[PDB]
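Worksheet: one structure, shown below.
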Amino acid sequence: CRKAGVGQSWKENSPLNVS
């Protein structure tokens with residue numbers, strides 16, 4: 001876990017959708 005309810009488990013380098 002890291003800030004968001006996921007922790008960068010997408011494609012990576014600058015994520016989106018805060019809440």
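Ligands are numbered from 1 in the order shown, residues from 1 within each chain, and chains are lettered A, B, ... in the order they appear in the structure tokens.
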Report task. Write out as an NGL selection string the residues lying within 10 Å of residue A:18, counting only C-alpha atoms and excluding same-chain residues fewer than 4 positions away. Result -> :A and (3-5)
